[PDB]
Amino acid sequence: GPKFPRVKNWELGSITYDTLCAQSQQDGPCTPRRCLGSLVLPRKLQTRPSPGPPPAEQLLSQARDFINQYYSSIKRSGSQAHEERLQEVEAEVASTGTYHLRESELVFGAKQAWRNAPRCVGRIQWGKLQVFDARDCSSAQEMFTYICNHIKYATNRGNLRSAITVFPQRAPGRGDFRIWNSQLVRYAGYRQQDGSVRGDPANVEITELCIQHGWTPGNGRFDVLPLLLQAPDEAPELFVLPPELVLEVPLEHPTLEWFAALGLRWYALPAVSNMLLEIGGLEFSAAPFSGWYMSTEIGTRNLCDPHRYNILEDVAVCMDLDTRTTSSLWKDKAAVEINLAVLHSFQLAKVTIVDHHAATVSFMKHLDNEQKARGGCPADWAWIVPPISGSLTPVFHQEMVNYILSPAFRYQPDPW
Amino acid sequence: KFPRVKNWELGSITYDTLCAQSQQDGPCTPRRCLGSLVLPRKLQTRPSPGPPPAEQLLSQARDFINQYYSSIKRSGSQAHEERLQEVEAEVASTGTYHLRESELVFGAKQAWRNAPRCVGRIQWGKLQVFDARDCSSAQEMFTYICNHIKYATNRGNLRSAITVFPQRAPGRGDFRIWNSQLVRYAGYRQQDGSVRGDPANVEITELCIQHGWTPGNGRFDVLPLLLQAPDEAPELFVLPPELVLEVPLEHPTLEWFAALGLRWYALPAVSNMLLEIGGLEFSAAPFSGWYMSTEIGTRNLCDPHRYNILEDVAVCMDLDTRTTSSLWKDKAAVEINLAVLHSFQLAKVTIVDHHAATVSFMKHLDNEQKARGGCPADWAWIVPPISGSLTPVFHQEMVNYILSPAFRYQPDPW
Ligand code: HEM
Ligand code: HEM
Ligand SMILES: N=C(N)NCCCC[C@H](N)C(=O)O
Ligand SMILES: N=C(N)NCCCC[C@H](N)C(=O)O
Ligand SMILES: [Zn+2]
């Protein structure tokens, strides 16, 4: 039959063919010899600093392609405006070596990038993104203003709205606009003498980096870190977020009265700030985006990973579970209650959140929409299936083809 | 050339050099990753009506033999040299060859070791290999299968085993076991599409009744075996009940659980896969070990397209099945898995939970890193269906690739 990957759903027995992957203009880590699809950071997309301006030839075909996607999207492919915009980009790359995006094009690409993200299970919301254009930004101080504006609009007092702020693209031989923090909001990770980490172990490097840059470190388990903002060709500057802007949710359990006493909490706004936004060849090194959490992110990964808060044992001890034998499923039991606590605490606080069941169901809906609209949907199985109750969600039984489409969000090396 | 493999829990890294030995292609390409797919679109095992290019067969053979002699520290020895020549000799003359019992035993063990989707590979060295190549009838396969089951079950103290029937022969039909497992519960489609029993076995059940099997009418009716000898119609054989050990399911504290009347069989014995060694193919080589609790408690009993007992348990647990955020599914899945573990332990039948199983697999990875410089593993299949990131394997990157000897899927005989 069809000469594209055959994708099957084992729960429903249905079949589909992905023809969209034929559009993938970039390779991944896989080869007929071995599958490296479980690797978190395979050296493939990696947007390593390529300082010396890019092959005018390469950037052109990448730009020619994006512009086609844009006119296609507004149903004007082949129009006079399309060709003119085409000649316009070529000319500008001819004389300056680079080019710029019109307002509407930036909005279109930001959305496509989210739309194209293989690891995002919340893409059914892709068409509803607020795009803040901050391409005029020219100082670390100004970056801080936009970021604060972003957090204010995105948080919206608990009724969270997806958003993205776009700072100046990379320029020939010039410094990049960079946000050193991985997320606009993160908790400190303090390296202790005995060797342990107080707070979040994932943020130890960035925590010390702030200290080295003048931040007076605290000593709590949930200290909100300051932002290290770097304008072109300048050392990063330090900025502390107005506490009132950072909305947090204390965690309590619906029926375990002692859980609230654990003093656990989490911030409501998940805002990735270290990824690179790539559109038509142009690279936006600073372009923080945010949506709203899926309960397992906080409840299972953040609070229970061995290398994070690792609270599983403490909660199980409080639940009086037999933690000396794997077969008592003490880990499974404590993980459930903790996730329940997170969901319950957000609903009480009236802060937007979605459980892993609702989330995956809507992603199945998104896959159907995309099958029709584009002939497929790039998806990373290991990342789409939740960290708990995997097979209990519909995505587990859905095969998925993973590949890279552009516009795209890519990982980039740390500025330091 | 050599992939870096990281464990995000410990920050450790390793380089997989074993994949260089991979001589078989997967479904992945630089353009897109199809690793989440269960069955190969082309990596099948096409017919054997005409011999296989001697060039090909011969090279796989020389490689396997070389493998076999390295394993017993007699590489380049005299015996080794004379074995290669025997194989060269037989192939040139008949277009095929035959393995010696000891090579077969070695090959079977390696096939399991190379099984990317198996989490219990730490046991790969402990496998009882029954040579059943001296089989000429379906009636004989049945006695062999019965002995395998008796031995493997060992009154609850399960022991891993494999039984190897005659290899495929060009132009001749295959010895086949139609059933996917030696023990499966019938799936009876009612009238209105619903199904009584295991929905996964509807087809095999229908084929049985179509060959003279008198169907039962329960949810856990042990199916008969449809054994087939070359170019013959499959024959029906019912398994002696005293031979099929089962475990009634009950819960530690929830007195009512037993009411549900749920049960499962002790022996997980796959029978529709193909064993390949030195280019030779064993179309009927049933193998077995013991269950990991999740296969039963999560997949077989909770999958939507399987027994799908999730809602019944939740209602009995008097949980709020009105909304998803109540995590009633997660809570009920946990108790059902606890019940399987409890029930199996009570009945003194071997079983391993997913926490213990994945811990042992991590050790296997390390053992294999030193022994071969890598270990082919399929992440999606190695990480359990529940409590994924709560186990060490979730946080471990993995490389998937095909090594031979190997167990492979093959077309359905009908
Ligand atoms: C509206 C709610 C949204 C939900 C609930 C959602 C949920 C998720 C989840 C569960 C992941 C994986 C998290 C992890 O395992 O670390 C993810 C990844 C991702 N999401 Fe979404 N997402 C949403 C909004 C957004 C938005 C607004 C964008 C971009 C404009 C976006 C872009 C991405 C990207 C790029 C990744 C992968 C990041 C990485 O590689 O670490 N998401 N999302
Ligand atoms: C000692 C106990 C064993 C345990 C606990 C174990 C556990 C598992 C599990 C959980 C899977 C995935 C099952 C699924 O999701 O359908 C698996 C797959 C597999 N195992 Fe094992 N295993 C054991 C013994 C064996 C033995 C003795 C062999 C062969 C000699 C073997 C060969 C395989 C193969 C080929 C697969 C993949 C089957 C497929 O593609 O569907 N395993 N094992
Ligand atoms: N819900 C969203 N938008 N998630 C984006 C992923 C990064 C958040 C991270 N997993 C965390 O738990 O903080
Ligand atoms: N534990 C073992 N040996 N598993 C092998 C796979 C076949 C069993 C299947 N998953 C089932 O649930 O029946
Ligand atoms: Zn792959």
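Numbering of chain A is taken from Swiss-Prot, so the residues present carry the numbers 67-482, in order.
Cβ from N, Cα, C; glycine included.
Here's what Swiss-Prot has on this protein:
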type	residues	note
BINDING	A:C96, A:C101	Zn(2+) binding site
BINDING	A:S104, A:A448, A:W449, A:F462	(6R)-L-erythro-5,6,7,8-tetrahydrobiopterin binding site
BINDING	A:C186, A:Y477	heme b binding site
BINDING	A:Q249, A:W358, A:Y359, A:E363, A:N368	L-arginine binding site
MOD_RES	A:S116	phosphoserine
Sequence-ordered recorded positions from A:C101, A:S116, A:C186, A:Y359, A:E363, A:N368 with Cβ under 6 Å of an atom of ligand 3: A:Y359, A:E363, A:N368
Alpha-carbon spacing, A:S116 (phosphoserine) to A:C186 (heme b binding site), which is rounded to whole Å: 27
Among A:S104, A:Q249, A:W358, which are recorded as binding-site residues, the nearest neighbour of A:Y477 (heme b binding site) by Cα: A:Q249
Filtered A:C96, A:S116, A:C186 - recorded positions with C-beta under 8 A from chain B: A:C96
A:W449 ((6R)-L-erythro-5,6,7,8-tetrahydrobiopterin binding site) versus A:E363 (L-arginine binding site) - Cα distance in angstrom: 11
L-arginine site span - longest C-alpha distance across A:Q249, A:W358, A:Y359, A:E363, A:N368, in Å: 15
Sparsest-packed among the binding-site residues, when each Cβ's other Cβ atoms within 10 Å are tallied, from A:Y359, A:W449, A:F462: A:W449
Residue, out of the recorded positions A:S104, A:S116, A:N368, whose Cβ gathers the largest set of other Cβ atoms within 10 Å: A:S104
The one of A:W358, A:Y477 whose CB sees the fewest other CB atoms within 10 Å, among these binding-site residues: A:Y477
For A:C101 (Zn(2+) binding site), the three-state class that DSSP assigns: strand
Cα-nearest neighbour of A:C186 (heme b binding site) within the listed binding-site residues, A:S104, A:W358, A:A448, A:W449, A:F462: A:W449
Max pairwise CA distance, angstrom, over record-listed (6R)-L-erythro-5,6,7,8-tetrahydrobiopterin binders A:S104, A:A448, A:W449, A:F462: 15
Cβ neighbours of A:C101 (Zn(2+) binding site) where a neighbour is any other Cβ within 10 Å: 28
Candidate with the highest Cβ count within 10 Å, taken from the binding-site residues A:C96, A:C186, A:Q249, A:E363: A:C96
Residue among binding-site residues A:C96, A:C101, A:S104, A:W449, A:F462 with Cα closest to the Cα of A:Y359 (L-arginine binding site): A:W449
Distance from A:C101 (Zn(2+) binding site) back to A:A448 ((6R)-L-erythro-5,6,7,8-tetrahydrobiopterin binding site), taken between C-alpha atoms, in Å: 13
A:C186 (heme b binding site): secondary structure state under DSSP, collapsed to three categories: coil
